[PDB]
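To start, the structure itself, in structure tokens.
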Amino acid sequence: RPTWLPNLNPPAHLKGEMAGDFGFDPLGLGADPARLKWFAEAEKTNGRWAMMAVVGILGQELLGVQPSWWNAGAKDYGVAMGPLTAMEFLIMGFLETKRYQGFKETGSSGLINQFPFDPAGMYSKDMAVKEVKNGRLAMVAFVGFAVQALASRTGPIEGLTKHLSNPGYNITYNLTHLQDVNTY
Amino acid sequence: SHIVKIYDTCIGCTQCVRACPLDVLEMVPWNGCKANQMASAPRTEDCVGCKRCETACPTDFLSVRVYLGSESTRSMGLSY
Amino acid sequence: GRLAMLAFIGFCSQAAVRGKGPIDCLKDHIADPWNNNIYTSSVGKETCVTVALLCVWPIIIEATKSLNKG
Amino acid sequence: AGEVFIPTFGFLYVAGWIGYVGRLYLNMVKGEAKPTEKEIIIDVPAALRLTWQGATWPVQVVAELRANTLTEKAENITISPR
Amino acid sequence: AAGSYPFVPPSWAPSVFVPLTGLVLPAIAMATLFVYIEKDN
Amino acid sequence: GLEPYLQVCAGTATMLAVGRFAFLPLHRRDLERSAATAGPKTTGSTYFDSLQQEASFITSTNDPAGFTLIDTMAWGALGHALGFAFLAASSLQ
Amino acid sequence: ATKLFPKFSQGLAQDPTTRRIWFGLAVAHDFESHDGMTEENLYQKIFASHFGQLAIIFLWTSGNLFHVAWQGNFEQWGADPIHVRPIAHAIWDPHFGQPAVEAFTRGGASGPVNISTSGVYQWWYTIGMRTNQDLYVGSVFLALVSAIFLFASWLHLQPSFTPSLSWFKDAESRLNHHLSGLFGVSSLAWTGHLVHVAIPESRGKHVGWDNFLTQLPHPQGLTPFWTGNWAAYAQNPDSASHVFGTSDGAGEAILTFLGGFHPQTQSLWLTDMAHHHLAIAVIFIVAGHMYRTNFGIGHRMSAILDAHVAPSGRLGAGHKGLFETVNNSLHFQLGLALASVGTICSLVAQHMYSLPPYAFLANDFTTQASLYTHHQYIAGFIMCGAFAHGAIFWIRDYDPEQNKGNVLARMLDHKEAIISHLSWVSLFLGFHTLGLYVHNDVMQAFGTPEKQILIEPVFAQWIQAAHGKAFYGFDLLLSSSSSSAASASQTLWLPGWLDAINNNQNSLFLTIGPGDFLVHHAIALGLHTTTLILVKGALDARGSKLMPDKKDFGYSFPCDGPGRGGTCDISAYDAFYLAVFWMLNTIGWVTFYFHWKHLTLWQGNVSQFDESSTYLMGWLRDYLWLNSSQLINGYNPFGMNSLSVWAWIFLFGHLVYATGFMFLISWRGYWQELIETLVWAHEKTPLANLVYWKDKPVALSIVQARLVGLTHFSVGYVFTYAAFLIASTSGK
Amino acid sequence: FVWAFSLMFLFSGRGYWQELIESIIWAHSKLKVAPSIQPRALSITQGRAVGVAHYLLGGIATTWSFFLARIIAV
Ligand code: CHL
Ligand code: CLA
Ligand code: CLA
Ligand code: CLA
Ligand SMILES: CC1=C(/C=C/C(C)=C\C=C\C(C)=C/C=C/C=C(C)\C=C\C=C(C)\C=C\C2=C(C)C[C@@H](O)CC2(C)C)C(C)(C)CCC1
Ligand SMILES: CC1=C(/C=C/C(C)=C/C=C/C(C)=C/C=C/C=C(C)/C=C/C=C(C)/C=C/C2=C(C)CCCC2(C)C)C(C)(C)CCC1
Ligand SMILES: CC1=C(/C=C/C(C)=C\C=C\C(C)=C\C=C\C=C(C)\C=C\C=C(C)/C=C/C2=C(C)CCCC2(C)C)C(C)(C)CCC1
Ligand SMILES: CC1=C(C/C=C(\C)CCC[C@H](C)CCC[C@H](C)CCCC(C)C)C(=O)c2ccccc2C1=O
Ligand code: SF4
Ligand code: SF4
Ligand code: SF4
Ligand SMILES: [Ca+2]
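Protein chains in written order, with PDB author numbering: chain 9, 28 to 211; chain C, 2 to 81; chain 2, 161 to 230; chain F, 146 to 227; chain I, 63 to 103; chain G, 31 to 123; chain B, 2 to 733; chain A, 677 to 750.
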């Protein structure tokens, strides 16, 4: 079985059964099964939200929405943030309580009532290994999208189209030339 | 109720018995002393914790020991 | 026994409170709903906070049997 | 030096003198018949024959350290149960 | 619900909190505990 | 040249090399006697306390003399604090 | 019949007397004694109890911020901190009369309010807070933190989240995490506040949550840090012309080592406080990576303790067999913790008067005095608990066979040596320290002040000269510039430390005279005596010629009866009970010396202390009697002023203090028989016989009355002094 | 001083003093200076008497000085 560490010793709890098991548990956080079971749905769902988000930060920018993804929140949207966020609490609150209820029962994901949510099927081992792995890449990406906004103040695509343009403009230039980006 | 214990260091002097104010101790027969007697504490349910018996124990340290513990109407000696 | 007497609960102004009269508030909301809601009112901040808290109480209560008394 | 310094030894000499004479008497009445009745009714004669003996107390005290007689053996002093 | 901070207590808050905490609240606590303390087993 | 690289690199290299061939054997010997003899074994059993139990990735290095990742991050860490104490000291003081 | 109140103690639950109610509140947090107690359950309960205490602390802090913001003058005080008086809260007293409503309107308010002596204002200003919103936001934040800890107390008590005893006994890791994370990452994190918010705010520049990700803390940025040229962060320090909260005289440094104090604030510089937390944070994180965990590299604590045995065998088996003793005893650990916290609690008071760490802290004399006295007293109670729990360890959790020849078992071996030697030092300090006070008093009474003995504290004056004090003229170390130490620091904090230490308008190394010599030795007497009382009780906790079976009788037992002459107060609880009085006496002398040395400093009449302190009569008439003149006149037949509450408390303290005497002077017996007569009267009284008691009325327990009287005695000593310390310092 | 000194016998107990004396006797028996008569702490009743005596002596003496110096001076 593939291992993150060359010549690794997969911990007892990390069995090949799980999706992208590469034996990665330097601290054995999921040594307990129940926690590991929840952690795996909380890995999949953190990734589901990060894939969606990363797609936005790229897409929004690619089309050309005006405020940078980080400044997008501060905009003249036609709604007071108060009631807006209030509704946000109602829609997501239900959309989430239903999910938890179903997960509390069917130990899988879903939407509201349609659990084992498939409307197409595609719940194979391969597709679910892809999800866990595309998710992990997306979760790592969003953490990038955030620090390239802090240290360099450039959107994801614009950042690639500046390191490809000038092979320099790297973490060795941005951190050192922060004075330009930030203000005193 | 207080806990009264008679240790082997008893000489069967019967002084602790003739000292108890609520008949908690009595003298029973034994073989480890030349007086062939060893005080027993049959009714520690009437012990008030006065420790008069200890003040009457002549043996090194104390052969009779009263360990004041739980308190009841009798243990607190309440006539209320 | 829970009843739709909640209209007459905040009867201070019936459906609304300290804001116009009764059926007039409805017409106002239809006109501009986002700018004609309790959240966009004197008690808007507290209402938003309470609404949010209520939308968590279920999960808080429906956790690992997260309940108690004594 | 006249302040504190010199005065310091002066007290120490008399202090040790008083203490040494006291122990000399105590250790003489120990043994003697009823040692407890010579502490209440002090033997003024023998108490008056030991007062001057404490004049050279430092000389005698050291001679006792360098002879192991100033202190008692640890296996002859009663100690409270640990 | 005014000015900047929307949770600044009203001027009548002291004329309610101080009376409740020190007269009403304590009475409930003392009475409730009294019953528990004397509660039979 | 004499940029942070010169100071940081040298410190890291020296500590790693001195801890990979010089103190490495003493380091291993001290680890043994300390954890096996005078100190016993912890995490007896029961509970999800396996967290205190030793990992495994640390005990997986083909590197001869068993220079584990923790050892590389140990001597190297000591080295990255000498590279930055030498450069920093020359900065002011 | 059986009651339910004492669920933990069935004996108390079945108790027919009222003692069940009193003890039920006492034996409540002594789980080790609770019916059906397992070691793991005990640890889990304690762990959750810790969360509860952490919820109270944060909830308490949030309340202070809220009342300071809702009912305070922060912005006004911030504008003029040397004229405006910080307002703690408002006085809504439904009993206040109109003159009371008028007199208590101060510090700029529209109603009766209470000025604060906690010094939160000066602290919150120095750390970056400037408006009431900053306080409201902080209060909400801390309140949320309190809620989180409260849920955690529940979560860690519900199966599957309850830590095993093994986790509770995982020391190597706990210490590593606490030293690196709790102590280190919380100091570097603080440097991050200082460098990013506090320092900019002090230089007049709002760097709050709205613009922190865009505001460069240093003009150059992280470049100097990365390039290694760390010095760039120590260039252009704030000039002496700098004004806190203003760009006036503002510099650009973020981490420096100037030393001394900011000129206007008269408090340690922020940059020097930033670099401190950065330096200590680095040490803590590195220190955290020491003990072994689950990776390999590391030190097993047991090995270190066992490997430290003196080869000469002077310390017997040394520290061998001590790891289990500390790991398996929760009283030994608690004692060490209280001892460490207690001692550091005193360092905070001794280092915060000399070096004010907050802006305009020195200006506020009342705050300074009430903060020293607060910590010095809290420290004393903590120290009493240290020895207290140590004695409990000796009886409840000490295995004499496992600890055989270890440094802990060879202590009881020379228990008499330790106790007796502490007796000689106490007597020597007592007979002489007092004798040279009565001698001076006699000379003062006979009008022969020259004849009074005034020994000079030369040893302390030399330690002062060593630090750079020149008044004495000893030219030692820093005092001598041509020295090695003096020359070495001449390019760092030295230039400032001297300027500040050689200024007599502050409290850095204050000129000491022969008056300080006597009081300092008196403080030593209290330290040695209080220690002797606690040490004697700890060593004799489970052994004694009078009571050789004290361990069998537990820790808190009234007496062993009138046998063997008298066993009154023979329990190791009564070494604590008695040590408390000496602790209050000791701290009393220290907090009276602070106040007088400083009141004379602040009034400008330093000669007053330099002379009256020599004799005891001066301490009473020139200090207690003279200063009490205003406090006592808070309310007189002609009117009342804002010091009325302190005058009322001052008398209130005396009342509680005197009430404590009855429970200590009088004993259980006269009261018991008296209660018997009262029981008879009620049963015979008509119309009242109808109502009856569910619990039989009994007199307070022998040990109970000891603690009840002591609580009254302590409360008095605190309120009576707090009144003086605050109403005499504020009145002027 | 006398009034306050009385609160060491009115607030304490022989148990503590008796054992304390035991340690002192040890020091005396080491240097071989132990007194022939056995040093014993004051009886329970004695300590009650000593404290009340010093307590009354101290308080009355304080008032005696107060009254006399007040009325003789004015
Ligand atoms: C549903 C309504 C909703 C509204 C009206 C807004 C509005 C805003 N978002 Mg936000 N958000 C909303 C939901 C959520 N956001 C986020 C995650 C983010 C990110 C990652 C960022 C924003 C940011 C912003 C602000 C951009 C301007 C600025 O500089 O910050 C002024 C406004 C704020 C600082 C508010 C954010 C407070 C705090 C950082 C929240 C931290 C927890 C979560 C990110 C979400 C909290 C709850 C949601 C409803 C706000 C803006 C006013 C940007 C920002 O600057 O915020 C830091 C930004 O970078 N939001 C989540 C994820 C759970 C939301 C979920 O509902
Ligand atoms: C021969 C008499 C004598 C001697 C040699 C000592 C010697 C000593 N005593 Mg001691 N003591 C004595 C009498 C004596 N005492 C008496 C009568 C009392 C009852 C008041 C005490 C009460 C006492 C206490 C409470 C303590 C000592 C302590 C000590 C030791 C500390 C040294 C010191 O500074 O002295 C200290 C002496 C005193 C504090 C008071 C005694 C001073 C008197 C005036 C001296 C005795 C003179 C004697 C009557 C002469 C007899 C002559 C004979 C011909 C009749 C020391 C070895 C301390 C200790 O134990 O150290 C560990 C200590 O705690 N003593
Ligand atoms: C990085 C990891 C980490 C961290 C940060 C912590 C942190 C903490 N643990 Mg913990 N622990 C850990 C790992 C960690 N632990 C591990 C791995 C284990 C398994 C063995 C444990 C097992 C454990 C147990 C069993 C307990 C804790 C407890 C605690 C808390 C101690 C109570 C306290 O208030 O301390 C705070 C102290 C500081 C923040 C620093 C101390 C500085 C001194 C005291 C004063 C400094 C003041 C400063 C100079 C000026 C202040 C001015 C102004 C701000 C007032 C604390 C917050 C206890 C607890 O639960 O309490 C609730 C406890 O019972 N831990
Ligand atoms: C003003 C009240 C007062 C005073 C003055 C003292 C004084 C003292 N206490 Mg104490 N205490 C007090 C209140 C007081 N306490 C209270 C209220 C409590 C709570 C119950 C305690 C509980 C307590 C404990 C538990 C202990 C002490 C101890 C001590 C002694 C410490 C050692 C020392 O300093 O030796 C110095 C000696 C002196 C200052 C005495 C001066 C010399 C005398 C007065 C001159 C000789 C007589 C003179 C010539 C004429 C007078 C007699 C004449 C009429 C015949 C000390 C003498 C410790 C102890 O016993 O020491 C081993 C100790 O264990 N105290
Ligand atoms: C130079 C001097 C002083 C310097 C003091 C310094 C730096 C150190 C002092 C150490 C001192 C004072 C004492 C150490 C003592 C240790 C021991 C083991 C000595 C115990 C003495 C004993 C046992 C003798 C007891 C006596 C015997 C047996 C018989 C008689 O002699 C009576 C008695 C009881 C004295 C300062 C304070 C400046 C000030 C200026 C005088
Ligand atoms: C493979 C192999 C080898 C080797 C190689 C190498 C290259 C090694 C090294 C490695 C390394 C490379 C290591 C290191 C480590 C380190 C770490 C992991 C850490 C770092 C850092 C630090 C420690 C820092 C800290 C701090 C900060 C953060 C800030 C400031 C302050 C201070 C500096 C303190 C050879 C070739 C011989 C051959 C064979 C094969
Ligand atoms: C409220 C209040 C208080 C309290 C406090 C406490 C107890 C705690 C807090 C805490 C806090 C509130 C903290 C803060 C935090 C924040 C943060 C922390 C952020 C940051 C950001 C960023 C962006 C960064 C990032 C990073 C890191 C983290 C690492 C390295 C790398 C980097 C730099 C990237 C007091 C009492 C004093 C008073 C006043 C009020
Ligand atoms: C201090 C104290 C003691 C100790 C008191 C003692 C030891 C009395 C002290 C009397 C003198 C100082 C001891 C020896 C008396 C000799 C007659 C003095 C001869 C010395 C020469 C100088 C003459 C108790 O025994 C006691 C008992 C019960 C409750 C409280 C207490 C209590 O508080
Ligand atoms: S304590 Fe009193 S009643 Fe009890 S056994 Fe002893 S003498 Fe008898
Ligand atoms: S007093 Fe002691 S020795 Fe005598 S009969 Fe009683 S227990 Fe036995
Ligand atoms: S008087 Fe009280 S404390 Fe003293 S022995 Fe008698 S019962 Fe015990
Ligand atoms: Ca600000």
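Every residue, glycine too, gets a C-beta built ideally from N, C-alpha and C.
The beta carbons of residue 159 (chain 9) and residue 70 (chain 9) sit closer together than 8 Å. Closer than 7 Å at the C-beta level to chain G, one finds these residues of the segment 31–53 of chain 9: 32, 34, 35, 36, 38 and 53. The residues 278, in chain order, have a CB closer than 7 Å to that of residue 191 (chain B) in the same chain once the five nearest residues on each side in sequence are set aside. Residue pairing for residue 300 (chain B): DSSP places it in a beta bridge opposite 292 (chain B). Residues of chain A with a Cβ closer than 7 Å to the Cβ of residue 563 (chain B) are, in chain order, 720.
Within the DSSP secondary-structure output, residue 41 (chain C) pairs in a beta bridge with 27 (chain C).
Within the segment 74–152 of chain B, the complete beta strand (DSSP E) segments of 3 residues or longer fall at 88–91 and 114–116, listed in chain order.
Residues of chain 9 with a Cβ closer than 9 Å to the Cβ of residue 204 (chain 2) are, in chain order, 107, 109, 110 and 113. The beta carbon of residue 366 (chain B) is closer than 6 Å to those of 603 and 730 in its chain, skipping five residues each way along the sequence. Chain order gives the chain B residues near residue 56 (chain C) as 562, 563 and 564, where near means a beta carbon separation below 8 Å.
The Cβ atoms of residue 165 (chain 9) and residue 92 (chain 9) lie no closer than 8 Å to each other. With a threshold of 8 Å between beta carbons, residue 68 (chain I) makes contact with chain 2. The DSSP assignment places complete alpha helix (DSSP H) segments of no fewer than 4 residues inside the segment 392–447 of chain B at 410–414 and 416–446, in order along the chain. With its beta carbon at least 8 Å from every one in chain A, residue 187 (chain F) lies outside the interface.
Distances taken from the Cβ of residue 563 (chain B) to the heavy atoms of ligand 11 include one shorter than 7 Å. Residue 693 (chain A) sits away from residue 710 (chain A), with the two beta carbons spaced by 8 Å or more. Counting only the Cα atoms, residue 49 (chain C) lies some 22 Å from residue 681 (chain B). Here residue 5 (chain C) is not near residue 18 (chain C), since their CB atoms are 8 Å or more apart. Chain B places a beta carbon closer than 8 Å to that of residue 228 (chain 2), counting this residue as a contact.
Of all residues in the segment 61–84 of chain 9, only 61 place a beta-carbon less than 8 Å from a beta-carbon of chain B.
DSSP, read as helix, strand or coil, puts residue 58 (chain 9) in coil.
The residues 14 and 15, in chain order, have a CB closer than 6 Å to that of residue 3 (chain B) in the same chain once the five nearest residues on each side in sequence are set aside. Taking a 10 Å sphere around the C-beta of residue 178 (chain 2), we find fewer than 16 other C-beta atoms and assign the residue as exposed. Listed by position along the chain, the residues with Cβ atoms less than 6 Å from a non-hydrogen atom of ligand 10 are 7 (chain C), 11 (chain C), 12 (chain C), 13 (chain C), 14 (chain C), 15 (chain C), 16 (chain C), 17 (chain C), 40 (chain C), 57 (chain C), 58 (chain C), 60 (chain C), 64 (chain C) and 65 (chain C). Given a length threshold of 4 residues, each whole run of the alpha helix (DSSP H) inside the segment 166–222 of chain F is given here in chain order: 182–185, 189–195 and 202–210. The DSSP-derived three-state label of residue 665 (chain B) is helix. At least one heavy atom of ligand 5 is found less than 7 Å from the C-beta of residue 153 (chain F).
By the Cβ criterion, the segment 541–549 of chain B is not in contact with the segment 682–695 of chain B, since fewer than three pairs of Cβ atoms, one from each stretch, lie closer than 8 Å.
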